[PDB]
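J.: Sharing a structure, written as structure tokens. Questions coming.
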Amino acid sequence: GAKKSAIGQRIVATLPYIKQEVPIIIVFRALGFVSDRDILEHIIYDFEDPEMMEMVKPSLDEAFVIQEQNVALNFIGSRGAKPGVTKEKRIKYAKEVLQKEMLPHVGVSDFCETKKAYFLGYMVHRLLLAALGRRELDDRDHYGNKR
Amino acid sequence: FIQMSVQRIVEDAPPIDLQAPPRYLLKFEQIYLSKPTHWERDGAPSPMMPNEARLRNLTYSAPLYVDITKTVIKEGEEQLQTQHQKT
Amino acid sequence: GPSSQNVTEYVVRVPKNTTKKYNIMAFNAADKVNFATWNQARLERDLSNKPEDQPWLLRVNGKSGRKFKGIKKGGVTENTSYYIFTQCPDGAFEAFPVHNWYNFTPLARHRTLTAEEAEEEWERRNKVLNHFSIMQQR
Amino acid sequence: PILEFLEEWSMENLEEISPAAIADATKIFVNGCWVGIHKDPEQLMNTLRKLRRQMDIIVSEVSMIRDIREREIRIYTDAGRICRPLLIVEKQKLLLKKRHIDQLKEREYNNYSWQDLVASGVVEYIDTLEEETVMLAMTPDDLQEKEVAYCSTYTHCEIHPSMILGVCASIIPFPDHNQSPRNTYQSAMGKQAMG
Amino acid sequence: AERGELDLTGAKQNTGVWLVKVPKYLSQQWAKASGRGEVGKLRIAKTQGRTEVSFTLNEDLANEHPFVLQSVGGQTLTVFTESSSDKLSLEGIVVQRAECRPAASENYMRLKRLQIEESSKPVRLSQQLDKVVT
Amino acid sequence: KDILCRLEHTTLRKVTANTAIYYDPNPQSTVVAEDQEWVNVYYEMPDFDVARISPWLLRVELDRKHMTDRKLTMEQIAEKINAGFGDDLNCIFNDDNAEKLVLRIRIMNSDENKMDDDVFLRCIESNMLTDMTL
Amino acid sequence: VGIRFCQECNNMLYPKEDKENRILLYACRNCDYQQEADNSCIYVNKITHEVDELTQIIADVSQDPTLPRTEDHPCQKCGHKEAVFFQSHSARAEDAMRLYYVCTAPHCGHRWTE
Ligand SMILES: [Zn+2]
Ligand SMILES: [Zn+2]
């Protein structure tokens, strides 16, 4: 498709207890990072790297409709595996997933959203570097990756 | 697992809170593990040797005990604290 | 002059208690915060909780100026402490402990798409193009 | 103890810095958690190794992995990591000396044991992740010999290359003289033998 | 006029303050001896192209701490306070950042070991019981 | 090998080195300096684009080695664009003598006078780099 | 190539043309903000990506004990005889066999390829 192939490869987050994986920018929006700079600063640490910037362009464009944290949480909550019958229940549900269910090893305290954004930004950064070929793909057979 | 994981799990579990209206709280506090002991039919405990466990088809198990503290509140700004040692 | 080799040593004082608790308010370089234009400002606890464990809202010149939200630093300093040293005429530094740290981010002010309008215009996402048009419709 | 120590060594907390500093600094991960960044990873890694080798604040099973080409330092303290002891080599020389061997010979009535080697910093456990960064000499008799000059930066040496074998494979004589499928069959037969 | 109004004198007068990072034990001793007001002295030395910061703890309180300065250009930090009378104020802007470190290294690890041992006391571990509970 | 070249599926993505979307509303003043030397040849006597043309322009660079290895030249490529898109795209290209093969694309005057005037050049570009077969 | 953000909301700026004056303008969506564009190029992609790996290589690799070292390639910037050499390590390079060299002397991050 002309529009599809014009936007190309774009990033989605497969979160726990969520029926359909959200555009990754929505997770940053839901974490409270509203402006594109706040989000990209956590994804791209060196803005002078245009390749990384062009790779994130479609993700920003897909999220554009969601410009508010509460809207992202309502979107995440309306995509919740148990949809909330009202927006307030949906937002609290989405917050609970992002608070305890997503990335629990990074933290579970109500003020750990900043640390979660950095690690989520790093997950995106790793995916971008892999897609750009700057880092090789991880090996499942590598026993350093085993426990 | 025994020295740390067992105690961490017991301490990691949230204290039980119960409401009628009197309020009750149960807090686990310390784990103690006795030497592997076998209880005879008459109920006499006896140290179990592994040879005996293999011979008599026993399970080589250690009795596990935990200190539990029960606090009750009866909406009268007063709380009664009782501790069940080595439960 | 002496400034090329000046050496200064001052006594350190740490008051046991102070009528005002000391907190750190940090802004990002991209915020370009300027206090000269802050003819008026408000710092108050948020309303989303519906207090000491809740975010702060910073507003400048009432509704006319910029809005910021302060969020408490989650990472505790179990092996660290922060103190603010201030200059004093008597030749002694007075140190105040950092009771709390809040990171502030600016909040954009414009016709933000509501939850309903997003729930509506999500329908665009299957075929969205020329996003400028969505703002013209709104 | 690692996280507390890192605060001593100025590791900057993610919540106390601007993202612009992340480009030049190295990311510090502990058990997969991004703790912060550090501007002098070389001095930090040398300090971490020294503390581990001294068993001051870091236990021997903690593995420190520095991805030099990726500005990443990963410290793993979790369980289940497979690791093995390797002799430490510095300045192309073994830290193990005749004094240690003599003390190990005099193991009885002397209480000198393996733990004293670890405490002496002569040998350390290297896990599968850290092995990637390790330049391992197969034997001191020939691999670290200046005459070979194959590599001048060996960091560790194998204690004995035969220790790669398991229990049943260690019963095979001259396994290096047998075809590999035959060493596999013996490893099964050794479990089916009688004795 | 409102409860949330901030006294911006720190910003208006451009009052500059230094944010210094110091160990818990050091600041703990200062807090204990806080009533003395003689916890130590802060010495600053500047040269043609180098400057250093250091602190010396009072002998009675102990019974040299070089400080490393850090850039403040990467993030704008400000200090604000809330008065018990419900009056907020901005004390100033952070103009310098520094961090305290010990001068010695080998004996300093002894203190860390003591702190680790003291920190292990609350770490409860399963107790082996010699006799079964009857 | 000639038969192989006719058999092997070749798309512009195989022969193009790089491509860029430039904004130059007046073709008589190309934003690309080097284009002016050759673009003036075409815009000396403009045709079908005298009245109007898309202010946006897509510039493609083709790798001479891939082009010559596949025995592909700009002529049939320019025709194949118009064979694919029709007259929708005004396609103008430099001489073979140039160090780099350059073709200039604008949307037709009547569409300027289909989805959008600018961003659809990405649809055109990505389609040309994917579905368009040389 | 350069990315611009709105100075009001730090959102992405998109290229636009004013039909009134016909000039490229970076307009902020949802923010009615526009800024004077200067590069005049809104998009570019390098399909062959003949980018020099020396730009991506990090001087710190000189500290890697697993990398080979050679005394036959002295550093041009400082004359240090020992240098560290390795291959591209980039997956996009379908032909990555050339050697990239980095000076072994501390603080001398000079990099070159033979
Ligand atoms: Zn804007
Ligand atoms: Zn050099």
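Scheme for the structure tokens: letters A, B, ... for chains in order shown; per-chain residue numbers from 1; ligand numbers from 1 in order shown.
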Could I get the residues of chain G with an atom no further than 9 Å from an atom of ligand 2, each paired with its nearest atom pair and that distance in Å to one decimal, using only C-alpha atoms and all ligand atoms, sorted by chain and residue number, as a tab-separated table?
T.:
residue	atom	partner	partner_atom_place_in_ligand_line	distance
G:74	CA	ligand 2	1 (Zn)	7.5
G:75	CA	ligand 2	1 (Zn)	4.3
G:76	CA	ligand 2	1 (Zn)	6.3
G:77	CA	ligand 2	1 (Zn)	5.1
G:78	CA	ligand 2	1 (Zn)	4.2
G:79	CA	ligand 2	1 (Zn)	5.9
G:80	CA	ligand 2	1 (Zn)	5.2
G:81	CA	ligand 2	1 (Zn)	8.2
G:82	CA	ligand 2	1 (Zn)	8.5
G:83	CA	ligand 2	1 (Zn)	7.9
G:102	CA	ligand 2	1 (Zn)	7.5
G:103	CA	ligand 2	1 (Zn)	4.4
G:104	CA	ligand 2	1 (Zn)	6.6
G:105	CA	ligand 2	1 (Zn)	5.5
G:106	CA	ligand 2	1 (Zn)	8.0
G:107	CA	ligand 2	1 (Zn)	8.1
G:108	CA	ligand 2	1 (Zn)	4.7
G:109	CA	ligand 2	1 (Zn)	6.5
G:110	CA	ligand 2	1 (Zn)	5.4
G:111	CA	ligand 2	1 (Zn)	8.1
J.: Counting only C-alpha atoms and all ligand atoms, which protein, DNA or RNA residues come within 8 Å of ligand 1, given as a PyMOL selection string?
T.: chain G and resi 5-13+28-33
J.: Extract, using only C-alpha atoms, all DNA, RNA and protein residues at most 9 Å from residue C:81, discarding same-chain residues fewer than 2 positions from it, and format them as a count of residues only.
T.: 12
J.: Given the choices F:58, F:17, F:78, F:102, which gets closest to chain G if the distance is worked out from only C-alpha atoms?
T.: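 Looking at the shortest contact to chain G, the residue is F:17.
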J.: Can you tell me, as a CSV table (one decimal) with C-alpha atoms, in the first residue's frame, what residues are no more than 12 Å from stretch 43-50 of chain E when counting only C-alpha atoms, ignoring any on the same chain fewer than 2 positions away?
T.:
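What ended up in part_25.csv:
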chain,number,residue,atom,x,y,z
C,1,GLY,CA,45.8,39.3,41.4
C,2,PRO,CA,45.1,37.1,44.4
C,3,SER,CA,42.2,35.5,42.6
C,4,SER,CA,44.9,33.5,40.7
C,5,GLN,CA,46.0,31.8,43.9
C,6,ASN,CA,43.3,32.7,46.5
C,7,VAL,CA,42.6,30.0,49.1
C,8,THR,CA,39.5,30.3,51.3
C,9,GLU,CA,38.4,28.1,54.2
C,10,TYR,CA,35.1,28.6,56.1
C,11,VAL,CA,33.5,26.9,59.1
C,12,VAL,CA,30.5,24.6,58.4
C,91,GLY,CA,32.7,33.4,57.1
C,92,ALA,CA,30.8,30.1,57.8
C,93,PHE,CA,28.9,27.9,55.5
E,40,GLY,CA,34.2,21.3,60.6
E,41,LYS,CA,35.7,23.7,58.0
E,52,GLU,CA,40.1,22.0,44.5
E,53,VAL,CA,37.5,21.7,47.3
E,54,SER,CA,38.1,19.8,50.6
E,55,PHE,CA,36.6,19.5,54.1
E,56,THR,CA,38.2,18.7,57.4
E,57,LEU,CA,36.1,17.1,60.1
E,64,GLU,CA,40.8,15.4,55.1
E,65,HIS,CA,37.8,14.9,52.7
E,66,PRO,CA,38.6,16.1,49.2
E,67,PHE,CA,35.6,17.2,47.2
E,68,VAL,CA,35.2,16.7,43.4
E,69,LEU,CA,33.3,19.5,41.6
E,98,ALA,CA,30.5,19.0,44.3
J.: Using Å and a single decimal, report how far atom CA of residue D:96 sits from atom CA of residue D:1.
T.: 28.7 Å
J.: Please run DSSP on the backbone and report, as a list in words, all residues within stretch 72-117 of chain A that come out as helix (DSSP H, G or I).
T.: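 In stretch 72-117 of chain A, DSSP puts these residues in helix (DSSP H, G or I): residues 72, 73, 74, 75, 76, 77, 78, 87, 88, 89, 90, 91, 92, 93, 94, 95, 96, 97, 98, 99, 100, 101, 113, 114, 115, 116 and 117 of chain A.
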J.: Find, counting only C-alpha atoms, the residue in C:111, C:63, C:131, C:73 that gets nearest to chain D.
T.: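 The answer is C:73, which sits nearest to chain D.
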J.: Only residues of chain E matter here; which ones have an atom within 6 Å of chain B, counting only C-alpha atoms? Give them as a PyMOL selection string.
T.: chain E and resi 125-129+132
J.: Got a sec to pull out which chain G residues are within 6 Å of chain D, counting only C-alpha atoms, and send them as a ChimeraX atom specification?
T.: /G:61,65-66
